[PDB]
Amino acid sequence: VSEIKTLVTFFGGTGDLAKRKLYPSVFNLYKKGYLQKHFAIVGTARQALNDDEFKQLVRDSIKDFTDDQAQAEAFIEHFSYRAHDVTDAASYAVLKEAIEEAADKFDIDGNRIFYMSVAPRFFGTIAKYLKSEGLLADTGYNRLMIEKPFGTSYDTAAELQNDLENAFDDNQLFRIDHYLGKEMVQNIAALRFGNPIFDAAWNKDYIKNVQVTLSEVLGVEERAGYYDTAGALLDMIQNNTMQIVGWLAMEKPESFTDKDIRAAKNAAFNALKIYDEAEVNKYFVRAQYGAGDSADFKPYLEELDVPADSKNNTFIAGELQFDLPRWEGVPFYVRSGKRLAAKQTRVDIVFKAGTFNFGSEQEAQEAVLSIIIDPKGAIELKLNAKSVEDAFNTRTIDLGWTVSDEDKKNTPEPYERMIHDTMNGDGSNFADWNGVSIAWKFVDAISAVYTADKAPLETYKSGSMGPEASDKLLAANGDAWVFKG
């Protein structure tokens, strides 16, 4: 395995995410041998810790992932720490020093990765200071890993992008996308492009509609402070659903390189129809979860910290239209919500039914290619076969496949994947600015209608797949949801 020479700095190095996910992930890259000698990890935050105390912090962090004591300690030796205030410009000179000493001690020439595991409000400020205070490398690469969320509207995101471009280019920006870094999501291009029979049918001539579902069983729990301002539209649709749709709607790329993949995705994003008030009312649905069955499933307005006068959407369902010749007339239905029937992230490609008449009671029905992303990876294909009857008749059978236990064990952690791809300079599993800006332009149109109360707010029984308005949406084009719960 080839060695990766890099210097990673962790802003918010003492944070919960750093201990719980970040450090164990880079430890895995060490266990696999990607990180060997020529690497260093500088941690930073406000706390007044010295190197030994930080090393101890990393030690406790990777303790539940350690088999070999000597291997753990050899890794820990690559860490250092420097107390620093991100809002204090002068303070960056102290971090600059810790970085250069790390590069000298381990002989790293440039190749810097900056991780901002801090509050979103510091994101652009750090970026601008990395440039002005000269913490950027003059050799190799300079890559920035930005945590969620990337703005709360197109304006804020545009302002953020503007600040980041002061030190980096868009292709140096790696925005943490939890759903893009999923194994099954990465299987879509393989099934499509790797198999001529699907690749040739991935268009309007064979597909009736594409469905994307991100249902959850849980409610708002304690996250009401955040959720009441964001809702299903911002919390799930904007970032997680839009990017999955990006992999489904993309054109066929020139090659499988990140540049070509992004170009192919933007081809679809640039053809995405942005809606006005009338269309938002015609094509989208916003809902709030009402009473369930037992007293444990209380409505949204009775949840902890919910203002009672909240018109927050805990469910969203809508139709996306792309003005690309290959998707002309093919609706892309999306939906996501809290307190639904089952926890599941899936894509269902509904193929047009065949027009060959068998002369049977049951004629050929619509074939479906399902790709279950969460909780366990699975691929299913409901096809038309012959029924076991006396007279010739059709029926639909399901050919399926599920990930094996060996598959699950060999699957890299979401954060391991993301850190690794950044070190590689592979942006194929990351969204670019075009994809993110269009996603915001689309969602902003919808949000404008909602805050203005220019669209109805539906309700649904907790435990169902949403309100009937969601089914009304598909029935309008003669379609229906494949996953009924």
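Residue numbers here begin at 1 and follow the sequence given.
Higher mean CA temperature factor, per the PDB entry, when comparing 16-24 with 470-478: 16-24. The mean C-alpha temperature factor is higher for 65-73 when 65-73 and 33-41 are set side by side. Taking only the listed residues 294, 270, 345, 153, the entry reports the highest CA temperature factor at 294. If you compare the C-alpha temperature factors of 410, 240, 187, 203 in the entry, 410 comes out highest. Residue 198 sits in the lowest third of its chain by CA B factor, as recorded in the PDB entry. Sorting the modelled residues of the chain by their CA temperature factor places residue 332 in the lowest third. Among the modelled residues of the chain, residue 121 sits in the highest third by CA temperature factor in this PDB entry. Looking at the C-alpha B-factors along this chain, the one for residue 452 belongs to the highest third. For residue 96, the recorded CA temperature factor ranks within the middle third of the chain's modelled residues.
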